[PDB]
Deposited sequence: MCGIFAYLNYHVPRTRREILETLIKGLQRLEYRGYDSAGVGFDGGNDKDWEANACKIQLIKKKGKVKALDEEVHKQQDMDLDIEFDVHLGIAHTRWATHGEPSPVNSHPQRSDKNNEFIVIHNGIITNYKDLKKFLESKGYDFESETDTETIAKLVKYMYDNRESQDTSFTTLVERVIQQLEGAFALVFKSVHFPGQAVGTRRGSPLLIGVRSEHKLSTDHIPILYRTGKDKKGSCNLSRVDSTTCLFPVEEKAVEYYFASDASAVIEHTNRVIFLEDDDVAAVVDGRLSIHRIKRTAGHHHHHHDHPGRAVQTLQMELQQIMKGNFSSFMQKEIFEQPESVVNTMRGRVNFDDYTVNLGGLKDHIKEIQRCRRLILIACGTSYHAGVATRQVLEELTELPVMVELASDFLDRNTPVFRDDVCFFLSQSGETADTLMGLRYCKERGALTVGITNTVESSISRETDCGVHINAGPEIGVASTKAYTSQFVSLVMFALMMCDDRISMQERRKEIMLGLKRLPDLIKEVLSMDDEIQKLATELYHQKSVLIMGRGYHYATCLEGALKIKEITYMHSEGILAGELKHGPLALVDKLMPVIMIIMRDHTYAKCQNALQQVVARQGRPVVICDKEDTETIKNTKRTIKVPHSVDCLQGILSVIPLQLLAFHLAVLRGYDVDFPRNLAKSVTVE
């Protein structure tokens, strides 16, 4: 899901300029959810804007943001020429994992038929049933099946039972959050508090971006408890930007305030305070969240892996003297080496990054390495000990299951390490240490550069662990020479784009495809099969090549598409046996192999020839063809690679 709100204070904006900023804010957040959307703003057509704050208008529609943008426009009642000197608009794209993605279930949710209170919510209220029964007994009727509605019906209940005639908007929200359970990131708007916004969170991201041509009073808002607020000094002109993601705010400003749990932020009279701290400068650049010259974000993020790989190693690898220094681990690396086991915990593609680096981690650390799916890790109550080092791989740093695993391991005294791509995420904060893979914002739902950057990051960690072993010095040099050559070799793989598109035209009409690999390329066939599932909707399954003889080989015939990965490492001969078994079953497989593997290239009709690299790095090169293959298969089938069906990016809830 995604949250965005635009508050202009004495910065005159027409009703058209405000709605465009709300839609433009959702378009930046659409990748977090695109099953429905909605906006909230003041209605009325009075030339005097002050006589319009008492009327709230809601425009919600099922579909992507482009469906809501069309609903906002070509409306016969809303005059888009009214000028608002002060106004508050809220918007929200929704990932509907349950029920229907109808306008009634979209946000903002309202408290009554006159829209006295509207709220946009990211998360789940684990006790909305009790709140619904209670509010229903007090004479409040509901209209939707969402847990968010109990928040709107409750802020009005606190307002309808206020002791004093001038109870601040903050007070009401405080009494609400005290009755809510679970997680939530809320942005309230009420007719009784014109132009005032309240932003609180508890386990859900929420930041406030501020812009103002005038000097700001301070750069470190103090927290209050039941010379204090952030506001322009000499003048009133100021703009605020509530958002659950920094991508929607960077285009307007790079000055944001990262709230924290129970921090109730409020904007009253154009002054921002936080009840119950810093004002940071973001290092993100607008160009990082733009497609540029690519038609989709996924294709850009695939083709920019030569640069993102370099950025992951920038300032961390030194090829002149073959040294590796991860600044985020300097004050912990020595104690990590005294531990006795490594546990890698993640979901989806981030879990595949652990499968892909498990072998080199075992080799260079000589420690047991256990890779776990976070959901299953929690179901089993896996044993964890004080001398365990637990890694948590999360591009977003907010994945619920991975985050719960983190807190599970922390309670048991394990050393927790983060491999994240979001600085102010829950996982990067709550881990004792970690590495920001510095891949850059990932907009495509399917992770591409995050996987390769996680791969490289875990390799760099492995190179630090063995930097004191004489017997492994040459092995480190071999690997670090590969990392030096890796960007150019990735470019060579991307130059085969056309050749991979031709193969896509041979498979797009197929129902299934089996992707087979072993060793360093087990993760490759799992990740390739997952990417094809996600964006092409073909039934692709990754099969460990050594397991074919134990049953799955019965699926192979001349009709079943098969992709095989055969690289020049120590498993080459075993991979040749698997290929021979497939051919014996009349399979006609596409083989991803090494350029110099003349034997495989001679006896196979369709081959994808990637350049040779170090065995523990070849997985980076062998997965990119499957990233591209999934891309071209989706185009041929007429799907949108950026917005696959049935899901969105980052699973921040159950």
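By the record, the deposited chain contains unmodelled runs at 1, 228-243, 294-309, with no C-alpha atoms placed there.
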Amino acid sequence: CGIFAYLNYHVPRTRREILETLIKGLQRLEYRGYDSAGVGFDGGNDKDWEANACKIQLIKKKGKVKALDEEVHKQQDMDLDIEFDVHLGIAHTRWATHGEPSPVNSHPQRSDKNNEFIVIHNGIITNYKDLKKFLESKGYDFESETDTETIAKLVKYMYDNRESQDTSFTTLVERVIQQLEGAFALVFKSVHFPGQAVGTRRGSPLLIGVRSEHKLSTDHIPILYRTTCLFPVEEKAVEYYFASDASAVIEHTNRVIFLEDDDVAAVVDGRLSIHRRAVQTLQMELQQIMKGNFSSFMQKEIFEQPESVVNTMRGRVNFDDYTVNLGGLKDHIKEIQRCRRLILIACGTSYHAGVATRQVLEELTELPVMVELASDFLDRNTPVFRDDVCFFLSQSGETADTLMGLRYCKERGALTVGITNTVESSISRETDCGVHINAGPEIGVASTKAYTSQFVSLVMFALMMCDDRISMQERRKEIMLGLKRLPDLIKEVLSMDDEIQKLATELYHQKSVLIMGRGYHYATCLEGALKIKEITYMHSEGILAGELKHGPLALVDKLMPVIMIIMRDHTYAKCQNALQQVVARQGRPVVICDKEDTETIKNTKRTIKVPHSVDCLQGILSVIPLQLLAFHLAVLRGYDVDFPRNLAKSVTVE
From here on, numbers count along this sequence of modelled residues.
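The mean Cα B-factor in the deposited entry runs higher for 202-210 than for the other of 202-210 and 495-503.
Here 147-155 and 337-345 are compared by their mean Cα B-factor, and 147-155 comes out higher. In the deposited coordinates, the residue among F391, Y351, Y522, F169 with the greatest CA B-factor is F169.
Comparing C-alpha B-factors across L579, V233, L548, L373 in the deposited entry, the largest value falls on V233.
In the deposited entry, the Cα temperature factor of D46 sits in the top third of values across the chain's modelled residues. When all modelled residues of the chain are sorted by CA temperature factor, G63 is found within the middle third. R386: CA B factor lies in the lowest third for its chain, per the PDB record. Ranked by Cα temperature factor within the chain, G38 sits in the middle third according to the deposited record. The entry lists a Cα temperature factor for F643 that places it in the middle third of the chain's modelled residues.
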